[PDB]
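Participant: Dumping the structure here so I can ask a few things about it.
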Amino acid sequence: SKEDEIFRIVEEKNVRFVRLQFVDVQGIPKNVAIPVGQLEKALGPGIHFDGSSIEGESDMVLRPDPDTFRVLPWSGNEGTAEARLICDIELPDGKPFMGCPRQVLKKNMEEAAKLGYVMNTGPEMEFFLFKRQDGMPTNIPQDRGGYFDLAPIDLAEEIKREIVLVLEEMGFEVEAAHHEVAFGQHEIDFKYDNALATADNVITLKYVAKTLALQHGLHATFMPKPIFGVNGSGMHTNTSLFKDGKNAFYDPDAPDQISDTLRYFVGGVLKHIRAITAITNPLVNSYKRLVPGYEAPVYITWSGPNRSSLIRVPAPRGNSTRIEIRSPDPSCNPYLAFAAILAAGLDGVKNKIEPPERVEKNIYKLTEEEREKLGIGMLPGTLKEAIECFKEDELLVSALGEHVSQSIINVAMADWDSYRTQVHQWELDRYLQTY
Amino acid sequence: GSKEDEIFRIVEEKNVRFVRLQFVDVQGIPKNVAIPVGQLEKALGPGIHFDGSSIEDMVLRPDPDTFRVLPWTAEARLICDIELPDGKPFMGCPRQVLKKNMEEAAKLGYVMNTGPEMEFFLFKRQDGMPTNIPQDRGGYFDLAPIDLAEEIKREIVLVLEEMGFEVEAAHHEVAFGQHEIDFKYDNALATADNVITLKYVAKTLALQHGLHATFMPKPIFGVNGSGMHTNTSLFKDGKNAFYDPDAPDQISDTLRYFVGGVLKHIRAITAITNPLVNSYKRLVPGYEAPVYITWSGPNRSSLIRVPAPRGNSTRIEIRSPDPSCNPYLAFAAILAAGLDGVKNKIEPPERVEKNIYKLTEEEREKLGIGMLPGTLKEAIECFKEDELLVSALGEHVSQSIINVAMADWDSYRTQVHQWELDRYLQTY
Ligand SMILES: Nc1ncnc2c1ncn2[C@@H]1O[C@H](COP(=O)(O)OP(=O)(O)OP(=O)(O)O)[C@@H](O)[C@H]1O
Ligand SMILES: Nc1ncnc2c1ncn2[C@@H]1O[C@H](COP(=O)(O)OP(=O)(O)OP(=O)(O)O)[C@@H](O)[C@H]1O
Ligand SMILES: [Mg+2]
Ligand SMILES: [Mg+2]
Ligand SMILES: [Mg+2]
C-alpha cells in the first residue's frame with residue numbers, strides 16, 4: 001500500500017517532522033506540525049484540531065491524502081528532513097466537512113465524472129518579486145526588467161531556477177518560465193492535469209515561491225495589482241474537458257474543428273462569469289487589475305487566438321484543444337475557482353446554452369456606444385458588485401455549498417465595509433490643499 | 001450711479017490701490033483677476049475681459065453692493081457676475097444660476113432664507129505644505145488652553161464683521177482641531193456670497209499663523225467629518241410660509257410639501273451638496289453626519305430636522321451637505337426641489353422619531369427607509385436622471401458637474417491605495 005511506501009521514504013530520507021497542510025476558504029495555506037512518531041496516527045484515525053480556522057462545532061479531523069506525501073527539498077537542521085501531506089477535513093463522526101475547499105472541488109469533479117467528464121486545467125501563474133526593507137515586505141521591484149527579458153536585466157534568474165528545480169523534486173512538471181511585462185514580474189506555466197492535482201500544485205507553487213524568496217531576502221506575492229500604472233498578475237487558466245478518454249472539445253468535422261461541447265461550455269461560463277468573478281477575483285485589489293490598458297480582460301467576450309478576450313480559443317487542435325479563461329488572478333482559491341468554472345461550464349453543456357458571437361475586433365478601440373448595441377457586458381467593477389451577483393447565482397451557491405458560499409460573502413463584505421469607509425492618501429492629495 | 005460714487009469715496013479714504021474681481025467656478029473654488037485701482041472705473045463701467053475656460057472670452061460684471069476692503073497699501077474685493085461679450089448673462093456661472101432660481105421663486109411670492117453651520121478643521125503645516133494633523137487636542141464646546149485656535153477664530157469672526165457680516169456664534173467641534181462658525185440667516189444669494197468669503201478669510205488667516213484651514217468633508221478617518229447644516233425657511237409676502245399655529249406641531253402644509261420635495265430629489269441633490277469623492281467617506285454611520293433618508297423633530301439627528309422654535313423662526317435643518325459644496329448650486333438645487341414639493345403637493349414620508357442607527361435592517365425595510373448614495377458615481381447617476389435639477393441648474397452647469405466628478409471618479413477607481421497593500425501584500 002501507499003502507507004508502506006510513505007514509511008519507506010521516512011526511513012530513507014530521515015524524515016522527523018510532517019506538516020499536515022490544508023487551506024481555508026480564502027486559499028491561504030494552514031497546517032499542523034506533528035513529529036514522525038504521530039505519522040501512523042495521522043494516516044490511520046487522523047489528527048484532531050479546531051476547525052474555526054477554516055472559516056477564516058470546533059472539533060474536526062485531518063485526513064491526509066497519501067498520494068500528496070512529499071519531502072520538502074530544503075533539508076532541515078543536521079540531516080533531519082521534513083515532509084508534507086495535503087489533508088481533507090472530516091467531522092468527528094467521519095462524514096466530510098462540506099466547508100473544506102478541497103472537498104468542494106472533489107464533489108464537483110465526482111458530479112462531472114458521473115457524466116463521463118473530467119476537467120483538465122493548466123494555469124499560467126504570474127507573480128511579483130519585491131525587495132524587503134527592515135524585514136518587512138515592500139512593493140519595490142527587485143529588477144527593472146520587461147517582457148521575456150534576459151539577465152542581467154532579469155536579476156531573478158537564480159531564484160526562478162531554484163523554484164522550478166524544487167517543484168520538479170515534488171513530482172511537478174513545468175512547461176516554461178519567463179519575465180513578464182511589469183518590473184519584477186514573472187510567470188511560470190505548468191502542464192495540464194486534473195483540476196484536483198492542479199489545485200494542489202497551485203498551492204504548492206505559492207508556498208515554494210514565497211519560501212525561497214524569503215531565503216534570498218525578497219518577497220514573492222501573488223497579489224492581483226500590487227503597483228498602480230503597471231501590469232497586474234493574472235492566472236490565465238487553460239481548460240479542456242475529456243469525455244471517455246478523448247478530448248470532448250475536438251470535433252474534426254465541425255467548423256473551426258471546435259466541438260459543440262466547447263461552445264456550450266463557453267456559453268455556460270460566460271452566463272455565470274459575473275458571479276464567478278467573486279471567486280476568481282476575490283480581493284478588493286483584484287478589481288484594480290480589471291481595468292483597461294493592461295493584459296487583463298474587462299469586457300465579457302470570447303474569440304480566437306488573435307484577440308485578447310475573457311475566453312480565448314487557441315489554434316492547437318487534437319488532444320490540445322482548449323479554452324483560456326483569462327479573468328482569474330493568482331490570489332483566488334484554486335479549489336473553488338475550478339469548482340465554479342466546472343459547475344457553470346457543465347450547466348452550459350447540459351442546458352445547451354449557445355454562446356454569443358465571437359468578437360474578433362479590438363474591444364478597447366470600439367466605442368462604448370457601439371458595445372451596448374452589440375450586447376457586450378462588463379465584468380463587475382468592485383468586489384461588492386461581484387458578491388451581489390454571486391449571491392443571486394443559485395447554481396454556484398449550490399455547487400460550492402451554503403457553508404463555503406456564506407463564508408466567502410462574509411469575508412468579502414467585512415473587507416469591503418472596512419475599505420469603503422477608509423480615507424485614502426489620493427483624497428488628501430486631491431482635495432486637502434484646495435478645499 | 002451713487003453706489004459707484006460711494007465705492008470711489010472708500011478708495012480715496014483707505015488708499016486702496018488694487019481690486020480683486022472675485023468669482024467662482026462650477027466647483028465652488030474662488031477665482032479672481034487683480035486690477036490696479038486705475039482700472040476700477042473701467043470694471044464698474046464696460047467691465048473687464050477674461051478667458052472663460054476658468055469657470056469650468058467673457059466679461060466680469062462687478063456687483064457694487066459686494067465692494068469690501070480687505071482688512072489685512074490697501075486692497076479691495078468685488079464679487080462679479082459673468083456675461084458673454086454681447087451682454088447676455090452666462091448660464092454656466094454658478095452665481096447666475098442661484099439668481100435665476102431665486103427669480104423664479106420670487107415670481108410665486110417666495111424668498112428662501114438660509115443660515116448655514118460651517119464646520120472646518122485647522123491643521124499644522126510641515127515644510128510649508130499642509131497636513132491633516134490637528135493643531136489642538138480639543139473637543140465639543142471646549143475652552144482654552146484645550147482649544148488652541150481661539151485667537152485665530154477670534155480674528156476670523158472680527159474680520160468678517162468688518163465686511164458687513166453678522167456671526168451668531170462659534171465653538172470647538174467634536175473632532176480634534178475641528179471648529180464651527182454659525183452665522184445669522186439671510187437670502188440665498190447673500191448667504192452664498194458670505195460662505196465663499198468665510199472660506200477665503202479662514203484659509204488666509206490660517207496661513208498667517210502657519211496653519212491650514214480646510215473645509216474638506218472627511219480629512220481624517222475615524223473622527224467626525226465637517227458638515228454644512230443648512231437652516232432653511234421660505235417667506236411668502238413677508239410672513240414665514242412654514243408657520244401655521246392651528247396645524248399639528250405648528251408646521252404649515254408648505255413645510256411638509258417643501259420637505260417632501262427635497263426628500264424626493266435628495267439622492268440627486270447629494271451630487272451637488274456632497275460633490276467630492278471624499279464627501280462619501282463622511283456619509284458613514286457612527287458620526288453626526290446623516291446617512292438614512294428621514295425627517296424628524298429636534299430630538300433626533302436625521303437628514304432633515306424641524307427645530308422647536310416657532311413663529312418667524314420656523315425652519316428645517318438640512319444636515320446632509322458638507323462645506324466643500326458650491327453654495328450657489330447647493331441652495332439652487334434645494335430651492336428647485338423644495339418648490340416642486342410645494343407645487344405638486346408631494347406629501348413627505350412619516351417622521352421617524354426612533355433612533356435609526358439602533359434600528360435593525362429588517363425594521364427599516366418595513367418603514368421603507370432609503371439610504372443616501374454610497375459613492376460619488378452613485379450620486380452622479382441619480383443626478384443625471386433627475387430632469388428637474390438638470391433644468392434648474394442649466395445644461396451647461398449640470399454637464400460640467402458630471403464631467404469633473406467622473407474625471408475624479410475614473411482616476412480614484414483605478415488607484416491602488418495603501419489600505420490594499422497593508423491588507424494583502426504580506427499574505428497573498
Ligand atoms: N488539453 C489541455 N487542457 C488544459 N490545459 C492545457 C491543455 N493542453 C495544454 N494546456 C495548458 O496550456 C499550456 C501550454 O499548452 P501547450 O501548447 O504546451 O500544449 P501541449 O503542446 O500539448 O503541451 P502540454 O500538454 O504539456 O501543455 C500548458 O501550460 C498547459 O498547462
Ligand atoms: N427663518 C430662518 N431660516 C433659516 N435660518 C434661520 C432662520 N431663523 C434663524 N435662523 C438661523 O438660526 C440661527 C439662530 O438660531 P435661532 O433661530 O433660534 O435664533 P433666531 O433669533 O430665531 O434667528 P437669528 O439668530 O438669526 O436672530 C441663526 O444663525 C440663523 O442662521
Ligand atoms: Mg497567455
Ligand atoms: Mg456641529
Ligand atoms: Mg447642527
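Labeling convention for the C-alpha cells: chains A, B, ... as they appear, residues from 1 per chain, ligands from 1 in order of appearance.
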Based on only C-alpha atoms, which of the residues in chain B come within 6 Å of chain A? I want them as a compact mmCIF listing (two decimals) with N, CA, C and O atoms, in the first residue's frame.

Facilitator:
# COMPACT_ATOMS: atom_id res chain seq x y z
N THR B 214 -9.20 73.91 6.42
CA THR B 214 -9.79 73.14 5.33
C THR B 214 -11.25 72.85 5.60
O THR B 214 -11.65 72.56 6.72
N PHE B 215 -12.04 72.92 4.54
CA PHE B 215 -13.46 72.61 4.53
C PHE B 215 -13.68 71.25 3.84
O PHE B 215 -14.73 71.03 3.24
N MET B 216 -12.68 70.37 3.89
CA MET B 216 -12.80 69.02 3.28
C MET B 216 -13.79 68.20 4.11
O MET B 216 -13.76 68.33 5.35
N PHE B 221 -9.69 59.82 8.98
CA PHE B 221 -10.51 58.63 9.18
C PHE B 221 -10.65 58.35 10.68
O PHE B 221 -9.70 58.55 11.44
N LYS B 281 -16.99 59.46 2.29
CA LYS B 281 -16.30 58.90 3.45
C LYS B 281 -16.85 59.56 4.75
O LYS B 281 -16.65 59.01 5.82
N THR B 414 -9.28 53.51 -10.35
CA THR B 414 -8.13 52.75 -10.84
C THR B 414 -6.95 52.74 -9.86
O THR B 414 -6.10 51.86 -9.97
N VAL B 416 -4.42 52.27 -6.67
CA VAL B 416 -4.11 51.22 -5.71
C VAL B 416 -3.73 51.93 -4.42
O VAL B 416 -2.65 52.51 -4.33
N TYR B 428 -0.91 37.45 0.57
CA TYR B 428 -1.03 36.91 -0.78
C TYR B 428 0.28 37.03 -1.54
O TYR B 428 0.51 36.19 -2.43

Participant: Might you pull out every residue within 8 Å of residue 303 (chain B), with only C-alpha atoms counted and same-chain residues fewer than 6 positions away left off, and present them as number ranges by chain?

Facilitator: B: 290-295, 318-320

Participant: What is the CA of residue 131 (chain B) to CA of residue 180 (chain B) distance in Å?

Facilitator: 19.7 Å

Participant: Ligand 2: which residues are within 10 Å, counting only C-alpha atoms and all ligand atoms, as number ranges by chain?

Facilitator: B: 112-117, 166-169, 181-188, 191, 230-235, 239-242, 307-317

Participant: At a cut-off of 12 Å and counting only C-alpha atoms and all ligand atoms, what residues surround ligand 4? Please answer as a VMD selection string.

Facilitator: chain B and resid 116 to 120 139 to 141 169 to 175 178 to 182 224 to 230 287 to 289 301 319 322

Participant: Output N, CA and C atoms for every residue in that selection, as a JSON list (two decimals), in the first residue's frame.

Facilitator:
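result_36.json, written as the output of this step:
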[["chain", "number", "residue", "atom", "x", "y", "z"],
["B", 116, "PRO", "N", -26.34, 78.76, 7.35],
["B", 116, "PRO", "CA", -25.52, 77.55, 7.49],
["B", 116, "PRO", "C", -24.62, 77.50, 8.71],
["B", 117, "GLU", "N", -24.36, 76.27, 9.18],
["B", 117, "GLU", "CA", -23.47, 75.96, 10.30],
["B", 117, "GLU", "C", -22.21, 75.43, 9.62],
["B", 118, "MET", "N", -21.17, 76.26, 9.57],
["B", 118, "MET", "CA", -19.94, 75.92, 8.86],
["B", 118, "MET", "C", -18.88, 75.26, 9.73],
["B", 119, "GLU", "N", -18.68, 73.95, 9.53],
["B", 119, "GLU", "CA", -17.66, 73.18, 10.24],
["B", 119, "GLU", "C", -16.39, 73.14, 9.40],
["B", 120, "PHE", "N", -15.23, 73.16, 10.05],
["B", 120, "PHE", "CA", -13.94, 73.13, 9.36],
["B", 120, "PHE", "C", -12.83, 72.65, 10.30],
["B", 139, "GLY", "N", -12.10, 69.32, 22.12],
["B", 139, "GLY", "CA", -13.37, 68.60, 21.85],
["B", 139, "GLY", "C", -14.57, 69.53, 21.76],
["B", 140, "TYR", "N", -15.78, 68.98, 21.90],
["B", 140, "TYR", "CA", -17.01, 69.79, 21.72],
["B", 140, "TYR", "C", -17.07, 70.94, 22.73],
["B", 141, "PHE", "N", -17.39, 72.14, 22.25],
["B", 141, "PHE", "CA", -17.56, 73.32, 23.14],
["B", 141, "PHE", "C", -16.41, 73.39, 24.14],
["B", 169, "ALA", "N", -22.52, 82.71, 16.35],
["B", 169, "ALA", "CA", -21.67, 82.12, 17.41],
["B", 169, "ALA", "C", -20.56, 81.25, 16.82],
["B", 170, "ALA", "N", -19.61, 80.82, 17.66],
["B", 170, "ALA", "CA", -18.52, 79.96, 17.22],
["B", 170, "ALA", "C", -18.11, 79.06, 18.38],
["B", 171, "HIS", "N", -17.69, 77.83, 18.09],
["B", 171, "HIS", "CA", -17.31, 76.88, 19.13],
["B", 171, "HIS", "C", -16.43, 75.76, 18.57],
["B", 172, "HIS", "N", -15.72, 75.06, 19.47],
["B", 172, "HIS", "CA", -14.91, 73.92, 19.09],
["B", 172, "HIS", "C", -15.87, 72.74, 18.86],
["B", 173, "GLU", "N", -15.62, 71.94, 17.82],
["B", 173, "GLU", "CA", -16.48, 70.79, 17.48],
["B", 173, "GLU", "C", -15.96, 69.47, 18.12],
["B", 174, "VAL", "N", -16.59, 68.33, 17.80],
["B", 174, "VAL", "CA", -16.29, 67.03, 18.41],
["B", 174, "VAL", "C", -14.85, 66.57, 18.15],
["B", 175, "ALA", "N", -14.42, 66.57, 16.87],
["B", 175, "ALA", "CA", -13.10, 66.08, 16.49],
["B", 175, "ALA", "C", -11.96, 67.03, 16.87],
["B", 178, "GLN", "N", -11.21, 70.56, 15.16],
["B", 178, "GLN", "CA", -12.40, 70.92, 14.39],
["B", 178, "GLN", "C", -13.11, 72.07, 15.07],
["B", 179, "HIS", "N", -13.68, 72.98, 14.27],
["B", 179, "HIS", "CA", -14.39, 74.15, 14.76],
["B", 179, "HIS", "C", -15.65, 74.41, 13.93],
["B", 180, "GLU", "N", -16.56, 75.25, 14.46],
["B", 180, "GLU", "CA", -17.81, 75.58, 13.77],
["B", 180, "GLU", "C", -18.11, 77.05, 13.98],
["B", 181, "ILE", "N", -18.54, 77.73, 12.91],
["B", 181, "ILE", "CA", -18.92, 79.13, 12.95],
["B", 181, "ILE", "C", -20.30, 79.22, 12.31],
["B", 182, "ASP", "N", -21.30, 79.48, 13.14],
["B", 182, "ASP", "CA", -22.69, 79.61, 12.65],
["B", 182, "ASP", "C", -22.98, 81.11, 12.50],
["B", 224, "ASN", "N", -14.92, 62.65, 13.58],
["B", 224, "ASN", "CA", -16.05, 63.35, 12.98],
["B", 224, "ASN", "C", -15.62, 64.10, 11.71],
["B", 225, "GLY", "N", -16.52, 64.19, 10.74],
["B", 225, "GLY", "CA", -16.28, 64.91, 9.50],
["B", 225, "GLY", "C", -16.98, 66.25, 9.49],
["B", 226, "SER", "N", -16.48, 67.20, 8.68],
["B", 226, "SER", "CA", -17.07, 68.54, 8.60],
["B", 226, "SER", "C", -18.34, 68.53, 7.75],
["B", 227, "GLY", "N", -19.40, 69.10, 8.31],
["B", 227, "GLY", "CA", -20.70, 69.24, 7.67],
["B", 227, "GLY", "C", -21.11, 70.69, 7.51],
["B", 228, "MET", "N", -22.07, 70.95, 6.63],
["B", 228, "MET", "CA", -22.65, 72.28, 6.42],
["B", 228, "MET", "C", -24.16, 72.13, 6.61],
["B", 229, "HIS", "N", -24.62, 72.15, 7.87],
["B", 229, "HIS", "CA", -26.04, 72.02, 8.16],
["B", 229, "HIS", "C", -26.70, 73.32, 7.76],
["B", 230, "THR", "N", -27.65, 73.26, 6.83],
["B", 230, "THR", "CA", -28.30, 74.44, 6.27],
["B", 230, "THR", "C", -29.70, 74.67, 6.82],
["B", 287, "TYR", "N", -21.04, 58.87, 13.11],
["B", 287, "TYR", "CA", -20.72, 60.29, 13.32],
["B", 287, "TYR", "C", -21.99, 61.16, 13.17],
["B", 288, "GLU", "N", -21.87, 62.49, 13.36],
["B", 288, "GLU", "CA", -23.06, 63.40, 13.35],
["B", 288, "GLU", "C", -23.62, 63.60, 11.93],
["B", 289, "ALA", "N", -23.05, 62.95, 10.93],
["B", 289, "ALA", "CA", -23.49, 63.04, 9.53],
["B", 289, "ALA", "C", -24.71, 62.12, 9.26],
["B", 301, "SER", "N", -31.17, 63.15, 15.35],
["B", 301, "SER", "CA", -30.24, 63.54, 14.31],
["B", 301, "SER", "C", -30.67, 62.80, 13.05],
["B", 319, "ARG", "N", -29.19, 68.58, 7.03],
["B", 319, "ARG", "CA", -27.86, 68.25, 7.56],
["B", 319, "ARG", "C", -26.97, 67.41, 6.65],
["B", 322, "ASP", "N", -22.04, 69.08, 2.92],
["B", 322, "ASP", "CA", -20.73, 69.31, 3.52],
["B", 322, "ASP", "C", -20.21, 70.68, 3.06]]

Participant: For the interface of chain A with ligand 3 (cut-off 9 Å, counting only C-alpha atoms and all ligand atoms), please tabulate each contacting residue of chain A alongside its nearest pair of atoms and their separation in Å to one decimal, rows sorted by chain and increasing number, as CSV.

Facilitator:
residue,atom,partner,partner_atom_place_in_ligand_line,distance
A:124,CA,ligand 3,1 (Mg),7.0
A:236,CA,ligand 3,1 (Mg),6.4
A:237,CA,ligand 3,1 (Mg),8.8
A:238,CA,ligand 3,1 (Mg),8.8
A:324,CA,ligand 3,1 (Mg),7.6
A:326,CA,ligand 3,1 (Mg),7.8

Participant: The selected residues should be written to file as a PDB file, in the first residue's frame (atoms: N, CA, C and O atoms).

Facilitator:
ATOM      1  N   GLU A 124      -1.375  29.633 -15.972  1.00  0.00           N
ATOM      2  CA  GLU A 124      -0.222  30.482 -16.233  1.00  0.00           C
ATOM      3  C   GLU A 124      -0.135  31.367 -14.995  1.00  0.00           C
ATOM      4  O   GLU A 124      -0.967  32.251 -14.812  1.00  0.00           O
ATOM      5  N   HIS A 236      -4.173  32.932 -15.940  1.00  0.00           N
ATOM      6  CA  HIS A 236      -4.892  32.500 -17.136  1.00  0.00           C
ATOM      7  C   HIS A 236      -5.006  30.992 -17.050  1.00  0.00           C
ATOM      8  O   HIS A 236      -3.991  30.316 -16.951  1.00  0.00           O
ATOM      9  N   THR A 237      -6.237  30.470 -17.033  1.00  0.00           N
ATOM     10  CA  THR A 237      -6.492  29.045 -16.851  1.00  0.00           C
ATOM     11  C   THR A 237      -6.869  28.341 -18.149  1.00  0.00           C
ATOM     12  O   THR A 237      -7.983  28.503 -18.638  1.00  0.00           O
ATOM     13  N   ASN A 238      -5.942  27.537 -18.693  1.00  0.00           N
ATOM     14  CA  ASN A 238      -6.208  26.727 -19.877  1.00  0.00           C
ATOM     15  C   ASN A 238      -7.090  25.579 -19.414  1.00  0.00           C
ATOM     16  O   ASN A 238      -6.717  24.867 -18.488  1.00  0.00           O
ATOM     17  N   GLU A 324      -8.867  29.331 -22.972  1.00  0.00           N
ATOM     18  CA  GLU A 324      -8.049  30.030 -21.988  1.00  0.00           C
ATOM     19  C   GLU A 324      -8.906  31.096 -21.310  1.00  0.00           C
ATOM     20  O   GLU A 324      -9.212  32.114 -21.920  1.00  0.00           O
ATOM     21  N   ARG A 326      -9.073  33.975 -19.051  1.00  0.00           N
ATOM     22  CA  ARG A 326      -8.064  34.949 -18.648  1.00  0.00           C
ATOM     23  C   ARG A 326      -8.467  35.909 -17.533  1.00  0.00           C
ATOM     24  O   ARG A 326      -7.630  36.695 -17.110  1.00  0.00           O
TER      25      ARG A 326
END

Participant: Considering only C-alpha atoms, return as a VMD selection string whatever protein or nucleic-acid residues lie within 9 Å of region 3-12 of chain A, sequence-local ones (same chain, fewer than 2 positions apart) excluded.

Facilitator: chain A and resid 1 14 to 16 36 39 to 40 43 66 69 to 71 81 83

Participant: Create the file for the chosen residues now, containing C-alpha atoms and written as a short mmCIF file (atom, residue, chain, number, x, y, z; two decimals), in the first residue's frame.

Facilitator:
data_model
loop_
_atom_site.label_atom_id
_atom_site.label_comp_id
_atom_site.auth_asym_id
_atom_site.auth_seq_id
_atom_site.Cartn_x
_atom_site.Cartn_y
_atom_site.Cartn_z
CA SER A 1 0.00 0.00 0.00
CA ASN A 14 15.41 10.54 7.70
CA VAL A 15 12.06 12.43 7.94
CA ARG A 16 11.46 13.70 11.51
CA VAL A 36 7.14 11.49 12.75
CA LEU A 39 2.51 9.85 11.38
CA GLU A 40 0.96 6.38 11.88
CA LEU A 43 -2.69 8.09 8.30
CA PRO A 66 -1.30 9.51 0.83
CA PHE A 69 3.27 12.86 0.58
CA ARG A 70 6.33 14.90 -0.43
CA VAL A 71 9.67 15.55 1.24
CA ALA A 81 14.32 16.19 6.72
CA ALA A 83 7.67 16.16 4.83
#

Participant: Check every protein, DNA and RNA residue against ligand 1, keep those with an atom at most 8 Å away (counting only C-alpha atoms and all ligand atoms), and present them as JSON, numbers by chain.

Facilitator: {"A": [119, 120, 121, 122, 123, 124, 174, 175, 176, 189, 190, 191, 192, 193, 237, 238, 239, 240, 241, 247, 316, 319, 320, 321, 322, 323]}

Participant: Take the residues from that selection and write them out as a compact mmCIF listing (two decimals), in the first residue's frame, keeping N, CA, C and O atoms.

Facilitator:
# COMPACT_ATOMS: atom_id res chain seq x y z
N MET A 119 -12.26 17.37 -16.01
CA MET A 119 -11.72 18.66 -16.40
C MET A 119 -10.23 18.72 -16.15
O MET A 119 -9.76 18.36 -15.07
N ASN A 120 -9.49 19.20 -17.15
CA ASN A 120 -8.05 19.35 -17.09
C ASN A 120 -7.75 20.84 -17.13
O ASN A 120 -8.30 21.57 -17.96
N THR A 121 -6.89 21.30 -16.21
CA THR A 121 -6.52 22.70 -16.07
C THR A 121 -5.00 22.86 -16.13
O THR A 121 -4.26 22.03 -15.61
N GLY A 122 -4.55 23.93 -16.79
CA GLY A 122 -3.15 24.28 -16.95
C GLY A 122 -2.98 25.78 -16.77
O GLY A 122 -3.13 26.54 -17.72
N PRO A 123 -2.73 26.25 -15.53
CA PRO A 123 -2.66 27.70 -15.30
C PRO A 123 -1.32 28.35 -15.59
O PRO A 123 -0.27 27.73 -15.44
N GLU A 124 -1.38 29.63 -15.97
CA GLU A 124 -0.22 30.48 -16.23
C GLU A 124 -0.14 31.37 -15.00
O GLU A 124 -0.97 32.25 -14.81
N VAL A 174 7.00 21.36 -15.18
CA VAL A 174 6.86 22.75 -15.60
C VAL A 174 7.08 22.84 -17.12
O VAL A 174 7.92 22.13 -17.67
N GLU A 175 6.32 23.72 -17.78
CA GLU A 175 6.34 23.89 -19.22
C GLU A 175 7.44 24.90 -19.58
O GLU A 175 8.36 24.58 -20.34
N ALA A 176 7.33 26.12 -19.03
CA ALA A 176 8.26 27.22 -19.29
C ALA A 176 8.09 28.34 -18.26
O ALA A 176 7.03 28.48 -17.65
N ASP A 189 4.50 28.76 -16.19
CA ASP A 189 3.38 27.99 -16.73
C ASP A 189 3.71 26.52 -16.58
O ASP A 189 4.80 26.11 -16.96
N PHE A 190 2.79 25.73 -16.02
CA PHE A 190 2.99 24.30 -15.88
C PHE A 190 1.95 23.54 -16.68
O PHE A 190 0.90 24.09 -17.04
N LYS A 191 2.27 22.28 -17.00
CA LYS A 191 1.40 21.47 -17.90
C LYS A 191 0.02 21.18 -17.31
O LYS A 191 -0.15 21.33 -16.08
N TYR A 192 -0.91 20.78 -18.17
CA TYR A 192 -2.25 20.44 -17.74
C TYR A 192 -2.27 19.17 -16.90
O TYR A 192 -1.42 18.30 -17.02
N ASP A 193 -3.26 19.10 -16.04
CA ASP A 193 -3.54 17.94 -15.20
C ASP A 193 -4.99 18.06 -14.68
O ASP A 193 -5.60 19.12 -14.83
N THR A 237 -6.24 30.47 -17.03
CA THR A 237 -6.49 29.04 -16.85
C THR A 237 -6.87 28.34 -18.15
O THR A 237 -7.98 28.50 -18.64
N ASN A 238 -5.94 27.54 -18.69
CA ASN A 238 -6.21 26.73 -19.88
C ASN A 238 -7.09 25.58 -19.41
O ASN A 238 -6.72 24.87 -18.49
N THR A 239 -8.28 25.43 -20.01
CA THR A 239 -9.26 24.44 -19.59
C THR A 239 -9.74 23.61 -20.77
O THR A 239 -10.02 24.15 -21.84
N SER A 240 -9.85 22.30 -20.55
CA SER A 240 -10.36 21.36 -21.53
C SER A 240 -11.17 20.29 -20.80
O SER A 240 -10.90 19.99 -19.64
N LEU A 241 -12.14 19.71 -21.48
CA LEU A 241 -12.98 18.67 -20.91
C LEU A 241 -12.71 17.37 -21.66
O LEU A 241 -12.55 17.39 -22.88
N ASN A 247 -10.62 14.08 -25.98
CA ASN A 247 -10.88 15.49 -25.72
C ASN A 247 -12.28 15.83 -26.26
O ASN A 247 -12.49 15.83 -27.47
N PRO A 316 -3.94 25.44 -31.45
CA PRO A 316 -3.73 23.98 -31.29
C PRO A 316 -5.01 23.14 -31.21
O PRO A 316 -5.91 23.47 -30.44
N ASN A 319 -5.63 16.65 -29.29
CA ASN A 319 -5.72 16.47 -27.81
C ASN A 319 -5.49 17.81 -27.09
O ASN A 319 -5.89 17.91 -25.92
N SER A 320 -4.86 18.78 -27.76
CA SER A 320 -4.57 20.07 -27.13
C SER A 320 -5.67 21.12 -27.35
O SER A 320 -5.41 22.30 -27.12
N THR A 321 -6.89 20.71 -27.77
CA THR A 321 -7.99 21.68 -27.95
C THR A 321 -8.39 22.18 -26.57
O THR A 321 -8.54 21.37 -25.65
N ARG A 322 -8.52 23.50 -26.40
CA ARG A 322 -8.79 24.07 -25.09
C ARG A 322 -9.31 25.51 -25.18
O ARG A 322 -9.34 26.09 -26.27
N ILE A 323 -9.71 26.07 -24.04
CA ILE A 323 -10.12 27.46 -23.91
C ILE A 323 -9.29 28.08 -22.80
O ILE A 323 -9.03 27.44 -21.79

Participant: Where does DSSP see strand (DSSP E) in region 200-354 of chain A, if you list the residues as a count of residues only?

Facilitator: 22

Participant: Any idea what the distance is between CA of residue 146 (chain B) and CA of residue 124 (chain B)?

Facilitator: 15.9 Å

Participant: Please compute the CA of residue 385 (chain B)-CA of residue 285 (chain B) distance, one decimal, in Å.

Facilitator: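 If I compute the distance from CA of residue 385 (chain B) to CA of residue 285 (chain B), I get 26.8 Å.
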
Participant: Within 12 Å of residue 86 (chain A), counting only C-alpha atoms, which residues qualify if same-chain residues fewer than 6 places away don't, as number ranges by chain?

Facilitator: A: 18-23, 29-32, 42-43, 62-70, 102-103, 196-197, 199-201, 203-204

Participant: Could you give me, as a PDB file with N, CA and C atoms, in the first residue's frame, the residues within 7 Å of residue 379 (chain A), counting only C-alpha atoms and dropping anything in the same chain fewer than 2 positions from it?

Facilitator:
ATOM      1  N   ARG A 274     -20.052  36.890 -14.234  1.00  0.00           N
ATOM      2  CA  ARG A 274     -20.136  37.985 -13.263  1.00  0.00           C
ATOM      3  C   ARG A 274     -20.121  37.429 -11.821  1.00  0.00           C
ATOM      4  N   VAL A 298     -11.556  42.774 -19.403  1.00  0.00           N
ATOM      5  CA  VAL A 298     -12.546  43.548 -18.603  1.00  0.00           C
ATOM      6  C   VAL A 298     -13.925  43.398 -19.249  1.00  0.00           C
ATOM      7  N   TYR A 299     -13.955  43.127 -20.554  1.00  0.00           N
ATOM      8  CA  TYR A 299     -15.248  43.010 -21.281  1.00  0.00           C
ATOM      9  C   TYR A 299     -15.608  41.532 -21.449  1.00  0.00           C
ATOM     10  N   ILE A 300     -16.898  41.199 -21.348  1.00  0.00           N
ATOM     11  CA  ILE A 300     -17.310  39.800 -21.430  1.00  0.00           C
ATOM     12  C   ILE A 300     -17.467  39.360 -22.876  1.00  0.00           C
ATOM     13  N   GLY A 377     -21.200  43.040 -22.356  1.00  0.00           N
ATOM     14  CA  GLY A 377     -21.243  43.409 -20.954  1.00  0.00           C
ATOM     15  C   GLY A 377     -19.859  43.638 -20.386  1.00  0.00           C
ATOM     16  N   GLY A 381     -17.133  45.890 -11.480  1.00  0.00           N
ATOM     17  CA  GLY A 381     -16.117  46.910 -11.253  1.00  0.00           C
ATOM     18  C   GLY A 381     -15.557  46.935  -9.847  1.00  0.00           C
TER      19      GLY A 381
END
